[PDB]
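>
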Amino acid sequence: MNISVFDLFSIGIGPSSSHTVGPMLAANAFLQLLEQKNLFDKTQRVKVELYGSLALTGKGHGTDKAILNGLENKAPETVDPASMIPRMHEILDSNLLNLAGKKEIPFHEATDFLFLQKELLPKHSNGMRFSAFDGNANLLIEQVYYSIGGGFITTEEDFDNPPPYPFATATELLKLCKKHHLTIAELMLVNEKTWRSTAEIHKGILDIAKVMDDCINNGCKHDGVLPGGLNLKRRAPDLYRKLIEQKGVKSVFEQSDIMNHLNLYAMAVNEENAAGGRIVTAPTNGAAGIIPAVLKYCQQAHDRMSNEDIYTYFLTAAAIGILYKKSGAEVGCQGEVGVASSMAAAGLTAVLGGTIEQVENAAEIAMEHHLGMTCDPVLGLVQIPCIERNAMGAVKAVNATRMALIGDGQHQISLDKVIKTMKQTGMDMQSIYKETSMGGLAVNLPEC
Amino acid sequence: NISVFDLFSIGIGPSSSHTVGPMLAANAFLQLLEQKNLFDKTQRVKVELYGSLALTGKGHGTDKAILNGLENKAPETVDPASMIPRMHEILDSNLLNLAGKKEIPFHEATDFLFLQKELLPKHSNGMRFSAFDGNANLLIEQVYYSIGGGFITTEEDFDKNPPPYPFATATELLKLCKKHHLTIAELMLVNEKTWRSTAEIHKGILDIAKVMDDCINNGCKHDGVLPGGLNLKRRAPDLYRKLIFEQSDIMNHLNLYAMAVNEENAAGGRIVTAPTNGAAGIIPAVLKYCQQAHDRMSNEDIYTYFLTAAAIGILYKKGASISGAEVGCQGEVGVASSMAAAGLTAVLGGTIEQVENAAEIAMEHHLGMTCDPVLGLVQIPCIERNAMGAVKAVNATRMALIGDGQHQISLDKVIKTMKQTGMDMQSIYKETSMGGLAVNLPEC
Ligand code: SF4
Ligand code: SF4
Ligand SMILES: [Cl-]
Ligand SMILES: [Cl-]
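Written out as structure tokens, the structure is:
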């Protein structure tokens, strides 16, 4: 298996890769299967069934909203986030769905959109079935999809091009860099060029950077109360006014320093995510705050930041991502926010001039400081503790960087060891369950 | 029952369990020889180190500590600079100046044993002091266990009066504060007056702070390479000169102060537990940042800091059996961070709820953290964990305050998860080269 920077960082929408983006793509792919199989013209009814962990937290994650819009051919990277709620409301009030954006058809939630919290499909807990029927109520087709993380999906029947410098461990990564006289980012570039041209790769990285920067500004401006039931006030816009626009009275805890700026940038992004705005996974929507907050700090700190520093930051980040990833890859929040902090740490460190060993050392400290972190967020939403974790995660990633540079790389433990610990604490998590009000499921599976 | 002064005790580094404890055991063994009036007849003392105490005692200077402690040096007061030379003289001259009074022969090959492969039955950090007469007859032997924080217990006492507002949970501490109309600091002062007077509590807190402040200063000056064999260079001095990636900001100062302290600890300097020697850098680092970023802190603020910190520490410690309390580094570095966030939060004017929320977040960002340091020394990853720990405490404080307390999970639930990850660590073993014992038992 080959993993790309563009697998780790993808443009979609919030609040959840597993529960928002994946089901929206599964819906898009259901439309395509109707075409493939020549059943679209006969189809006069669609039915959606959500199982297990999709059904239990789907409402708070906008799974229904994502799927309904996706059935009209809205894609998560391009849909207008502001349209999702009004459009969903229109479909349900009017009992009509514009299937594939080509054909209106009747749609009744009582029979057509079911939440089966107490049933499971057997490959994975994030399961759904789509069904289409003719005007005579005959079943034309059914298809089960699993949302397996990051917004990737598979069919039930699919559930179970080599680059020049492939690597599976931290140790093999250093060994290859040494032997070919490359940085971590340079080695990555060579690998990414197996699948794309240098100009695709470079353009893809700046697009990601631009969307992150817009999401930060959107977060800084959108006052509001988050949905889903915690009445969680968005904090980033007031904090923006205090620290950037010199309005209102700074509290004793609201000083304008490096840390509260990391806080501002991360919370802005994760607040957008929770609200359903455009988001770049990094590597998931839940962990999305950390990488841009850090990149943005890096920008405000050295305004001679070049395009090549930006490439290096992303490719270095990607490399570390790969170490951790390369479907029972579910290891709790450490495999998301943890991996985001480690990636960001490694990127900043490479850009600030660390050796190969210091880049790993930095990643290692950042991860160390998340080992064991589970996913049991309050009511199922990507809000508490998720939002405070990205802030906390941005700050840890900068400090891990500082430890690795100030420490001259001395304060280090093998990154391969820290990855082994991630994987074992992750397995142990299969036996720790949420409250049976949250459905009594294991805490190794990310909600985001 | 637990006192602010139980968690913050003046001593010497690198380790509460391996250096301060065994020193107080020797001190106690001398007092047992006075008490049973066997000191006159004593011509030989013999020390045997067992288990996890032997495994890493050399790196933790347990030998140095025990030999100075057999001369009635005490961890609170010894000149730390006198520990190494004085041990060399004892071993080079084959002569132990017992209790400072009487000079006896001392032969390390028979009288100082490291028994790495054997265990005493109660606990892994156990020792035995024996005294013998001129004819090689046992006068008396006494097993001690060093069970954390520098506390000791004899073998017979191992398996074994109350304040007005006792609390065992985060929840109780809130109920009592609302009911009786008191901040956490004020309820703590009330509880602490059970054993001391106000002016002792107050003077004792101020003494702790002074030693912490001197400890930071010392670390900011003492250039060097740390002992034990990782050739770990001290970074606090350069950093201090540079702040007078090297940005001179809130973060690099927290780093500076925490590393100053933990480097002093690793080098064997004077150190105040908080709650352990290995976790020593966090609380002072946060206190100094607090002092530097607002008005000259009043003495009351300082009282509020330490007493608010201590209540959080008690939530973690209370009602725990000696083995239950062993929950890896989260139980030491984690607890310091949580304690420091809580104290900073109360000084800065947070509600009871926000003080609890900040403690909660700080501990959350340490859950499952094990004790498995490199070669067994209190260096790696111990030093970066205190820098990191000070940073998370301040930031946990911000989260609680900027979030107006909304970003909260119950502290009781985080405290419980601490315990079960702790329990699970009993089956996670260090490498065979470090002795194969579990990673839940703090080395520091
Ligand atoms: S908690 Fe679960 S959901 Fe919230 S961020 Fe960590 S992983 Fe994503
Ligand atoms: S690692 Fe073990 S020794 Fe180093 S601090 Fe944490 S607990 Fe104390
Ligand atoms: Cl059901
Ligand atoms: Cl994708």
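Note that the protein sequences, when read in sequence, are chains B and A.
Numbers 1 to 160, 167 to 332, 337 to 458, taken from the authors' numbering, label the letters of the first sequence in order.
Numbers 2 to 161, 167 to 250, 259 to 458, taken from the authors' numbering, label the letters of the second sequence in order.
C-beta atoms are modelled at their ideal positions from N, C-alpha and C, and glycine is treated no differently.
Relative to the alpha-carbon of A/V408, which residue among A/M128, A/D80 and A/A376 has its alpha-carbon at the smallest distance?
To locate residue 408 of chain A, count along the second sequence from 1; it is residue 394. That would be A/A376, whose Cα lies nearest to the Cα of A/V408.
> Could you name the residues of the same chain whose beta carbon sits closer than 6 Å to that of residue 333 of chain B, not counting the 5 residues immediately before and after it, in chain order?
Coordinates for residue 333 of chain B are simply not present: the residues of chain B run from 332 and resume at 337.
> Pick from B/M439, B/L415, B/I297 and B/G390: whose alpha carbon is nearest that of B/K59?
Looking up residue 59 of chain B in the first sequence gives position 59. The candidate whose alpha carbon is nearest that of B/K59 is B/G390.
> Kindly provide the ranges of any alpha helix (DSSP H) runs that are 4 or more residues long and lie completely inside the region 324-388 of chain A, ordered along the chain.
Qualifying alpha helix (DSSP H) stretches, in chain order: 347-361 and 366-378.
> Is there at least one Cβ from chain A nearer than 8 Å to B/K185's Cβ?
Taking the first sequence and counting its residues from 1, one reaches residue 185 of chain B at position 179. It does not; no Cβ of chain A falls within 8 Å.
> Quick one: Cα of B/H89 to Cα of B/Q32, how far?
Residue numbering aside, residue 89 of chain B sits at position 89 when the first sequence is read from its first letter. Residue numbering aside, residue 32 of chain B sits at position 32 when the first sequence is read from its first letter. Each residue's alpha carbon lies about 25 Å from the other.
> Are the beta-carbon atoms belonging to A/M24 and A/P76 less than 8 Å from one another?
By one-based count along the second sequence, residue 24 of chain A stands at place 23. By one-based count along the second sequence, residue 76 of chain A stands at place 75. Yes. Within cutoff.
> Identify the residues that DSSP records as bridge partners of B/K103: which are they?
Counted from its first residue, the first sequence places residue 103 of chain B at position 103. Per DSSP, B/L99.
> Using CA coordinates, which residue listed in B/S131, B/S125 and B/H124 is at the minimum distance from B/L39?
Residue 39 of chain B sits at position 39 when you count from the first residue of the first sequence. That would be B/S131, whose Cα lies nearest to the Cα of B/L39.
> Check whether the region 266-283 of chain A touches the region 7-24 of chain A, taking contact to mean three or more Cβ pairs, one atom from each stretch, closer than 8 Å.
Yes, the region 266-283 of chain A is in contact with the region 7-24 of chain A.
> Taking the beta carbon of B/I250 as the centre, do at least 16 other beta carbons fall within 10 Å, making it buried, or is it exposed?
Translated into positions along the first sequence, residue 250 of chain B becomes position 244. Exposed, since its Cβ has fewer than 16 Cβ neighbours within 10 Å.
> Check whether the Cβ of A/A176 lies closer than 8 Å to any Cβ atom in chain B.
For the purposes of this step, residue 176 of chain A is identified with residue 170 of the second sequence, where counting begins at 1. Judged by the 8 Å Cβ criterion, A/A176 is not in contact with chain B.
> In this structure, what does DSSP give as the bridge partners for B/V286?
Working through the first sequence from its first residue, we reach residue 286 of chain B at position 280. Looking at the DSSP assignment, B/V286 forms a beta bridge with B/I11.
> Determine, using beta carbons only, whether A/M383 comes closer than 8 Å to chain B.
By 1-based counting over the second sequence, the position of residue 383 of chain A is 369. Answer yes: the Cβ-Cβ gap between A/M383 and chain B drops below 8 Å somewhere.
> Assuming contact is defined by CB atoms lying nearer than 8 Å, are A/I285 and A/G12 in contact in what I supplied?
Indexing the second sequence from 1 puts residue 285 of chain A at position 271. Indexing the second sequence from 1 puts residue 12 of chain A at position 11. Cβ distance < 8 Å, so A/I285 and A/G12 count as in contact.
> Distance cutoff 8 Å, beta carbons only. Does B/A401 sit that close to anything in chain A?
What you label residue 401 of chain B is simply residue 391 of the first sequence in a count that begins at 1. It does; some Cβ of chain A falls within 8 Å.
> Beta carbon of B/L116: closer than 7 Å to some heavy atom of ligand 3?
Stepping through the first sequence from its first residue, residue 116 of chain B is reached at position 116. Yes, the beta carbon of B/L116 sits closer than 7 Å to at least one heavy atom of ligand 3.
> Helix, strand or coil: which one does DSSP assign to A/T154?
Locating residue 154 of chain A in the second sequence gives position 153, where the first residue counts as 1. DSSP places A/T154 in strand when its eight states are reduced to three.
> Please report how far the alpha carbon of A/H421 lies from the alpha carbon of A/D112, in whole angstroms.
Here residue 421 of chain A is taken as the residue at index 407 of the second sequence, counted from 1. Here residue 112 of chain A is taken as the residue at index 111 of the second sequence, counted from 1. Near 57 Å, if we compare the C-alpha coordinates of A/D112 and A/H421.
> Where does A/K239 fall in DSSP's three states?
Along the second sequence, read from residue 1 onward, the residue named residue 239 of chain A stands at position 233. Strand, per DSSP.
> Quick check on this structure: which residue in A/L120, A/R399, A/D93 and A/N69 has the alpha carbon closest to the alpha carbon of A/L99?
As a position in the second sequence, residue 99 of chain A is number 98, starting the count at 1. Out of A/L120, A/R399, A/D93 and A/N69, A/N69 has the C-alpha closest to the C-alpha of A/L99.
> Just curious, the beta strand (DSSP E) that B/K47 is in, first and last residue?
Numbered from 1 along the first sequence, position 47 holds the residue referred to as residue 47 of chain B. Segment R45 to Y51, the beta strand (DSSP E) holding B/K47.
> Since B/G327 and B/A401 are thought to touch, with beta carbons under 8 Å apart, how far apart are those beta carbons, to the nearest angstrom?
Working through the first sequence from its first residue, we reach residue 327 of chain B at position 321. Working through the first sequence from its first residue, we reach residue 401 of chain B at position 391. That belief does not hold up - the Cβ atoms of B/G327 and B/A401 are roughly 21 Å apart, past 8 Å.
> Taking Cβ-Cβ distances shorter than 8 Å, what residues in chain A pair up with B/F259?
Looking up residue 259 of chain B in the first sequence gives position 253. By Cβ distance, chain A contributes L362, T411, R412, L415 and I416.
> Give me, in chain order, the residues of the same chain whose beta-carbon lies closer than 6 Å to that of B/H379; leave out the 5 immediate sequence neighbours on both sides.
In the first sequence, residue 379 of chain B corresponds to position 369, counting from 1. Same-chain partners within the cutoff: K406.
> Compute the Euclidean distance between the alpha carbons of B/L8 and B/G150, then round it to the nearest angstrom.
Here residue 8 of chain B refers to the residue found at position 8 when the first sequence is read from its first residue. Here residue 150 of chain B refers to the residue found at position 150 when the first sequence is read from its first residue. Between B/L8 and B/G150, the C-alpha separation is close to 8 Å.
> Within 10 angstroms of the Cβ of B/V231, are there 16 or more other Cβ atoms? Answer buried if so, exposed if not.
Position 225 of the first sequence, counting from 1, holds the residue named residue 231 of chain B. Exposed.
> With DSSP as the reference, identify every bridge partner of A/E142, one or two as the case may be.
Along the second sequence, one-based indexing puts residue 142 of chain A at 141. Partner(s): A/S131.
> What number of angstroms, rounded off, separates the C-alpha of B/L34 from the C-alpha of B/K47?
Here residue 34 of chain B refers to the residue found at position 34 when the first sequence is read from its first residue. Here residue 47 of chain B refers to the residue found at position 47 when the first sequence is read from its first residue. For B/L34 and B/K47, the distance between alpha carbons rounds to 13 Å.
> Answer yes or no: does any C-beta atom of chain A fall closer than 8 Å to that of B/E398?
Stepping through the first sequence from its first residue, residue 398 of chain B is reached at position 388. Cβ-Cβ to chain A under 8 Å: yes for B/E398.
> If you draw a straight line from the C-alpha of residue 334 of chain B to the C-alpha of B/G283, how long is it?
The residue list of chain B ends a segment at 332 and starts the next at 337, so residue 334 of chain B has no coordinates to report.
> Is B/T290 near ligand 1, in the sense that its beta carbon is under 7 Å from a heavy atom of that ligand?
The count along the first sequence starts at 1 and reaches residue 290 of chain B at position 284. Yes.
> To the nearest angstrom, how far is the alpha carbon of B/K37 from that of B/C343?
Taking the first sequence and counting its residues from 1, one reaches residue 37 of chain B at position 37. Taking the first sequence and counting its residues from 1, one reaches residue 343 of chain B at position 333. About 39 Å.
> Find the residues of chain A that neighbour B/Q420, judging by a C-beta separation of less than 7 Å, and give them in chain order.
As a first step, residue 420 of chain B is located in the first sequence; it is residue number 410 there, counting from the start. By Cβ distance, chain A contributes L238 and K239.
> Cβ atoms of B/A360 and B/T189: under 8 Å apart, would you say?
One-based indexing of the first sequence puts residue 189 of chain B at position 183. One-based indexing of the first sequence puts residue 360 of chain B at position 350. Contact flag set, yes.
> Going by C-alpha distance, which of A/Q117, A/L268 and A/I141 is nearest A/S447?
Working through the second sequence from its first residue, we reach residue 447 of chain A at position 433. Closest by alpha carbon: A/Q117.
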